[PDB]
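Given as structure tokens, the chain that follows is alone and in the form deposited in one PDB entry.
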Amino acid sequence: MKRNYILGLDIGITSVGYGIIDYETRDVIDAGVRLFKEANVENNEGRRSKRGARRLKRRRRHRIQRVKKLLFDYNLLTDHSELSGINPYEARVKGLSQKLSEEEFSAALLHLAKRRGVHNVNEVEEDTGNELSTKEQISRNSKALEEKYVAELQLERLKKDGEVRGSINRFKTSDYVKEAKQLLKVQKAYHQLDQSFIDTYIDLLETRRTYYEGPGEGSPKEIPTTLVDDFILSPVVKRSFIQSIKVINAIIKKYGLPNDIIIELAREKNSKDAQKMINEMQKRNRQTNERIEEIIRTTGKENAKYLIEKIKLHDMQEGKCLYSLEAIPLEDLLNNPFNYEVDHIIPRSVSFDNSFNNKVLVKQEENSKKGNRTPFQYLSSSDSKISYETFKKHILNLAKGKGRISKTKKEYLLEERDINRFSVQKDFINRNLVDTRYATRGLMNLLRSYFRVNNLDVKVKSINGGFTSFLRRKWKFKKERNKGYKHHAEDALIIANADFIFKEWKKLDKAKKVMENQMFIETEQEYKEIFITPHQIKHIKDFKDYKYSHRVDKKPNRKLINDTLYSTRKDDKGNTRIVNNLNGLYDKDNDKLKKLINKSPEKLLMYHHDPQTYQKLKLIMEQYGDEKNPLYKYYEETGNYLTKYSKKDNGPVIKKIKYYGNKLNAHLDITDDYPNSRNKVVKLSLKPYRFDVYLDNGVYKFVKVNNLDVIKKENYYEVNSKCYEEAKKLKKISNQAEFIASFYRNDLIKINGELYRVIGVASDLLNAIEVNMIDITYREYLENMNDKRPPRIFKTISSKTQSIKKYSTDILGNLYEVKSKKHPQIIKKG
């Protein structure tokens, strides 16, 4: 509308805050938040890594099948050939001297092609007992094969150590080719095979694609978002800049073109990096707090808690005034704090820097004499007690070694340039007011370009991440995630009011112009007065009508299910159950088995099936009951792993134990991949696409549509009709039932008059849906209350449920009760 305004933006990892304020009065017009999932690099790294793995496995399978065809052609393999009980390690070692049978020969060649070593690993010739190192293993093996073939070494381990496969099974392809050439040299005599056979086979065995070959044949008005794709960014940042642009486009359409935009990109790059910094900061804070506590313990002076900054500076400065180099006794500082003042190294009026790096603890008299001068200017004047040269030496000494000063502080202390030069002031302004990061520069260049071309008088600006926090401290406005997502929005409104301060104060005109990248304060009290409490912060703080817009995901063909495979079993009561496994039996702090034996001995399969080994294990648990892991003591004291019961003490070690786990309900059945499987083979965690609510004779009901239920066709996805009608039948949804709505992740749902956002279907069977709150996470809602419930909301949809309505927000967070189509969606072109 006609009225002119400013647009604040607080860009973040998961959020874009926005604030809109009247250009004349500085009253709040509007304010809201646009929330999204952080775009993690892990996600695509996953997709790529799995695409790599799928090709590796495809190519192994295809190599084995190319070998078979060659054996069919030279009439060494048939449809009706028994390869079943032929140990290929025996057949490899035998065939380097004597005649193999056609079957042994086929067994051997097929075993080689399956597993054929690395081709791109050179000797390190070093051994630091690293099991997982390929280079160290390849080398250890190269030494073992000085006089023998791979199959000779492999058969030796099979007989001595009882096993072959594992980490030590890492050999060079050239070591394998040396064997194959010999095998084929011997066997060429007795079998009819020619140099064409031998050449073909070794090619199959040794050959692979290069990085520069890659796959085979088939393989693949308003501000635009395509310009973000041009200049390269972190995915986390790249998402936010696309979100931000669409939030600017929506504000422009509604309210018209802003006079001024001003932007703040968050400090942190991702949540983890932030956590690390926070941890580092907390680590730093703890040290200061411990010292403060020590001071209070030793001196009894409680006022130390109010002199944190002075004490920090005191310790930093070895208890000396940096201008006079006279001692600041800690006791005197505590008793007479007014004798010592915190001074800005570079006058705040020039640098706009209020950071700890621009602060020093000095005597009140020295502070008065320095005035609005740098240490260099002051110490070069007739007013100083010491020479600049003496000062400089001291600072340089402080910078080298223990009790160090930051680089930035050192530079400020040793600033010799003329403060009064525009170029120097520009440098300070750019450092303190204007954000200097490749992304932030990239964004404002995108925007400024856009407005320039289309001839729209819009002043894009930026402010430093730190700066907002200063104003919060200044105007007594405590930041806290506690409250909810609103903090992001009330950051935006602050940013927007800083713009008002950098327009109404003619004394900030230079700073304003610098921030607008346009081509070209005498006292501390004056500086302080410019930024004083407006009254309009009461408006910001007391404001209520915030708006939230969570983004809704409708993408088909996301992760369908979990990777892991599970066997099943029918128990005594005739309930199919997942089989679990206890691994890591001989670990110091592992109480899993000891807990299981005391609670539920009948859950072990060996309880039923190997009673003698069970009784043998129980005597150990009784022997070393007092410890966490009885088996650890068994291994420590005797020096021998637990073996299966046997009459002659020749049973194998026990390394995993299978026991009956949860009952089987919601699963994916993969048992047809395993011909003649006695039990059932399954996968778990059917991941949801959406759920479709129906109103049936006054009863609310719903169907879960799984991602498994959605199938790619030519250029579109289709919800499977048979799976869908089957699903309705298990839910007993009539043919005369009205479709109400479909709910995707983060879709908004009003259940019995209470609005939430959808997470998913907790239990299809019990008819429960997991939701979350809108303005705050339910976790945090409980924390601020100090409640100790589980931090998850579940809602049952039942005969008791009275109304279900779907809502929707625009990108700005304007809320709408929305209409639905008459039927569910089946086709999805996007």
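The numbering used is simple: start at 1 and walk along the sequence shown. What we label the rigid core is the largest C-alpha set whose atoms superpose within 1.5 Å from one form to the other.
Colleague: What does the record say about the segment between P220 and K221: how many deposited residues are without coordinates (none, 1 to 3, 4 to 9, 10 or more)?
Modeller: Gap between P220 and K221: 10 or more unmodelled residues.
Colleague: Should the segment between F520 and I521 be described as having none, 1 to 3, 4 to 9, or 10 or more unmodelled residues of the deposited sequence?
Modeller: In the deposited sequence, 10 or more residues between these two have no coordinates.
Beyond what is shown, the protein has a form deposited in another entry; the following relates to that form.
Colleague: Quick one: lay the two forms over each other on the core and tell me which of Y641, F531, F231, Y438 moves its CA by at least 2 angstroms between this form and the one not shown.
Modeller: Shifted by 2 Å or more: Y641 only.
Colleague: Any chance the CA of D572 moves 2 angstroms or more between this form and the one not shown, core superposed?
Modeller: The answer is yes, as the C-alpha of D572 shifts between this form and the one not shown by 2 Å or more after core alignment.
Colleague: Quick one: core overlaid, is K544 moving 2 Å or more at the Cα between this form and the one not shown?
Modeller: No, its C-alpha moves less than 2 Å.
Colleague: Does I620 count as moved between this form and the one not shown, where moved means a C-alpha shift of 2 angstroms or more after fitting the rigid core?
Modeller: Yes, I620 moves 2 Å or more.
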